[PDB]
Every structure is written in C-alpha cells, then in structure tokens.
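A note on names: the letters A, B, ... follow the listed sequences, proteins ahead of strands, and every chain is numbered from 1.
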2 protein chains.
Amino acid sequence: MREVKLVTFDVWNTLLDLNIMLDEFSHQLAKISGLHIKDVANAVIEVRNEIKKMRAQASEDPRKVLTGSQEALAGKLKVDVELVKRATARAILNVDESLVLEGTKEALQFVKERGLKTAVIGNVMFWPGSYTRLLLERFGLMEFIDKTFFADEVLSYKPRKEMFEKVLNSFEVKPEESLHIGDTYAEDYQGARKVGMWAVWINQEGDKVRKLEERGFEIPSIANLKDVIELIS
Amino acid sequence: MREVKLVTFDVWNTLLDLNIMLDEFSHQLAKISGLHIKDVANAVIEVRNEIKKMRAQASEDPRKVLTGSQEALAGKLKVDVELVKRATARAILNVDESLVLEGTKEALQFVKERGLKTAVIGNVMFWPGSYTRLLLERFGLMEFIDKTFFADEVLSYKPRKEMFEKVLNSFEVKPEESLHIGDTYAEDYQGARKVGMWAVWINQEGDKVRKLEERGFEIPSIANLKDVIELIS
Ligand SMILES: [Cl-]
Ligand SMILES: [Cl-]
Ligand SMILES: [Mg+2]
C-alpha cells in the first residue's frame, strides 16, 4: 500500500481536555452575566448537543460555524453575545497546562521524528480557532504541528469533504497517504474515512487497538497512535 | 445641541500601544522564521501602508483583510503563512500591561461613571479582532466597554460610513449623540465626522485640547477626552 506521509490531529479530547475548558467557560460566562452557573452550564450542553447533531449531517451553515454557537448561547441565556465573547477570552486566560492530555506531546514527537508531516484539523464552537491556537502555542504543542486548520478560518467543519481535502491539498498528498485521528466518530472518523484517508477514532471506553474496517481503527488513547502508524508502515 | 449618549473608541494608539505590539510581533515573527527583525519590520511596514491606502480608496474587502495582511506578509518574507499566525499567538503571549496607554483606564472609567454607553470600533490587520479583545479583557479594560465592532467580525472598516452606522444602529442613537475618538486622521476622525458624530483626533505631537472645527477636536492623548466630554455637555 501507499506510505503515510501526513498525520492530522483533532484538538478537543484528542490533544486537549475539553471538559476543563468548557467548565472554565461556563463558569466565566456565569460570572460576568450574573446568572446561576447551572443555567449557564445547561445552556452550553444544549447548544453543543444541537450543533453536534447538525454537523454530523453537515446541516450547519459553515459561515456560522462560530457565530451560530455564540448567538444560540446568548439567546438561551438572554444576554448580549458580547458577554459570550468576553467569557471565552477570560476562560482562555484562566486555563493552564492541566489541559494537556497524557501522552499528547509524545505522540506528536513520534510522528515528527519519523519524518512525517503534521496538521491540526479542528472544528470550533463558542471560541474562535485563534483562541485554541493560542493554547497549542502556549503549551509547546505547536513545535510539533506543521499546519493548523480551524473551521472558522477555513469556513468548513468535519465531517465535510472540503474540510479534509483542503488540508490534503495544502500538503500536496493523497488521501491514502494520510491518517486522521479524532475522538468524535461522526466528525473525525467518518469524515476522514469517506474522503479516503486512514481514520483512527479515539474511544476511551476501549481496551485495545482495533481494526474497525478497511482504513479504520479505534484506539483507547493517543498513546496508541504509534502502534497504528507502525502497523501500516 | 443634543446630549452625547455614546462614546466610541479606536483601539491601537488610543487605548493600547501599537508600537510595542508591532515590535513584539516582528520580534516573534523574525524569531520563528530565522530572519532578522529588520527584514520583518520592513515587511510589516510595507503591508501596513499598502493596507492603509486601500482603505483610503474605500476599495478593501472587509472579509479578506486579515488573511490578506497575513498572506501579504508571508509572501514578502517567503515564509509559510502558518509562521505568521504562530507569531501573533506568541506575541499576544509575550506582551503585558505596559501595552495600556497612560490614562486609558481612568478615561474609560470617567465615561462610564458619567453614565454613557461605550464601544470599540477598530480595524484589523495581522492578528484577528479576537486577539485584540483578549488583551483588552486581560488588562481590565473590557469592564468599561459595552460592545465591540471589529472589521474582521462585523465585515466593514473605518473610514467607511456603514461601519460607524452599524454602531449607531446598534446603540440606536443619532450621530449627534455620539463621539468617536481615534488616532488616525483619515480613518477615525474624517470617518466619524462625515457620519455626523462628534470626532476627536488623538494627536500625540499635540500640545493642548484644540477645537479643529464644527464637531471636530484634537487632543494629545485619551487623558483629555473628559475635557471635550464636559465641554459639549
Ligand atoms: Cl477570573
Ligand atoms: Cl518551535
Ligand atoms: Mg476539535
């Protein structure tokens, strides 16, 4: 088979811890809005469930990949969307290194040491891709990332076809010469799989590396990415 | 004369020091690129001026401004546009409160305690409007700003008439009940005045508060904003 030249990474729940970030955000939004933390925490889950359900079917207008979530949240809580934007800014300044998931920097180093190209393909919600890029840069991860592709900056989102192809084209590689790893089945796995790339789904509820189908695997943690990479090299 | 209900604010060189930022940015960009700061500073200057001119020509695309400035800089230096994006994240991480211009907090506080609404109206270049919002938030200034209207988010730019009108329609006030202060004569001053608002041009080389004309003022720094405010009240 063709040799893998590019490994692409999802961010939330693959490299960084999403719940800590979402909790810091709910907290910060509740603080500046003077609202009860439970109402804010619930609104966040509702907006996230809704958009996740839409994105799986490519039903959200990519032009609102960011603004949509922000305005939906603002409306649920009856506040100016300006407060939502400010809350994300404060949350990004309040989180820290505890956000980095175990084995993350090691897996990135493994890829870069084999001479492979790396990239980040992440969707966005509530806060722009620029905020997430700030975190990657701040935790030293960007040292191992060659290119970053955030939904709001590319005007698309996983599992949409043009989102992955944009990345493949940027590195001038073919789908079969690429592998994408992410934790959202409907977004990362199916997205990369139907474009032709090798796909790896992180299922923390899993125990071992499993071949799910042709060009598709399931692994318990990013720590096992090196096993999949080595298996197909 | 109608009483002023809204005071709008330019950001760079009005509230925050743009020299310090551009310098931190040029240093970070030169650092990750392996180029001399001089090379980078010149490219920044060249892009900065060429963009200013296009705005004077009212022939700039509000939706491409940010990416344009980054692609223009990346091309002048012959680097991947990714290094430009990383540099803005790194600069934002390496700057501090020394970025706040003297008297900014007091000036903002004076306007707020006066019971007036406030807003930020700024153009974007090199780093997204969101990074600018992050710093204002980080330095405690967003506490005195009710709304933000950035070119990359609102899809318009000063001195264009629609940019100022968006803010007027947002706060639902007449041009005569608004005062805009900024340090760029063509973008801030002439743009605000042609729309009918009170306009204050910050001129550092200035020595005292000066009435430039009907609804037009010139002051050396934001520390004298209150003088104009109380003057027309
Ligand atoms: Cl805080
Ligand atoms: Cl590096
Ligand atoms: Mg993500």
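For the residue pair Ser69(B) / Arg48(B), no side-chain donor-acceptor distance below 3.5 Å is found, with atom types taken as modelled. Between the side chains of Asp146(A) and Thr118(A), a donor-acceptor pair is found at a separation under 3.5 Å. Residues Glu102(A) and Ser221(A) bring no donor and acceptor atom of their side chains to less than 3.5 Å of each other.
The pair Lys105(B)-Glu143(B) does not meet the salt-bridge criterion, since no charged nitrogen lies less than 4.0 angstrom from a carboxylate oxygen. Look at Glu153(A) and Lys85(B) and you find a salt bridge, because one of the NZ, NE, NH1 or NH2 atoms lies within 4.0 Å of a carboxylate O, short of that distance. Remark: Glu176(A) engages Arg215(A) in a salt bridge, criterion side-chain N to carboxylate O under 4.0 Å.
The side chain to side chain donor-acceptor pair (under 3.5 Å) search around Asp96(B) returns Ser98(B), not counting sequence neighbours. Shown here are the side chain to side chain donor-acceptor pair (under 3.5 Å) partners of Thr104(B), two or more places apart in sequence or in another chain: there are none. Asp152(A) meets the side chain to side chain donor-acceptor pair (under 3.5 Å) test with no other residue; sequence neighbours excluded. With sequence neighbours excluded, the residues that form a side chain to side chain donor-acceptor pair (under 3.5 Å) with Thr184(A) are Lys52(A). Shown here are the ring-ring contact (aromatic ring centres under 6.0 Å, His included) partners of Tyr157(B), two or more places apart in sequence or in another chain: there are none.
Within the 4.5 Å cutoff, side-chain heavy atoms of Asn123(B) are placed close to those of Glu187(B).
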Side chain to side chain contact (heavy atoms under 4.5 Å, CB included) evaluation trace for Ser178(B) with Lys5(B): CA-CA 6 Å; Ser178(B) 316; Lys5(B) 261 105 181 186; over 6 Å; no
Name each donor-acceptor pair under 3.5 Å that joins a side chain in residues 161-173 of chain B to protein atoms two or more places apart or in another chain, with its distance.
from	atom 1	to	atom 2	distance (Å)
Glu162(B)	OE2	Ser156(B)	OG	3.1
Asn169(B)	ND2	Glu165(B)	O	2.9

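The distance from the OG1 atom of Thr148(A) to the CG atom of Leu136(A) is 8.0 Å, given to the nearest 0.5 Å. The distance from atom CG of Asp61(A) to atom CG of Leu155(A), rounded to the nearest 0.5 Å, is 9.0 Å.
Counting all heavy atoms, side chain and backbone alike, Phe9(B) lies closest to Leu225(B) at CE2-CD2, 3.5 Å. The shortest heavy-atom contact between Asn13(B) and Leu18(B) is OD1-N, 3.3 Å. Closest approach of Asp10(A) and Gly182(A) over heavy atoms only: CB-CA, 3.4 Å.
Relative orientation of the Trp127(B) and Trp12(B) rings is perpendicular, given thresholds of 30° and 60° on the angle between their planes.
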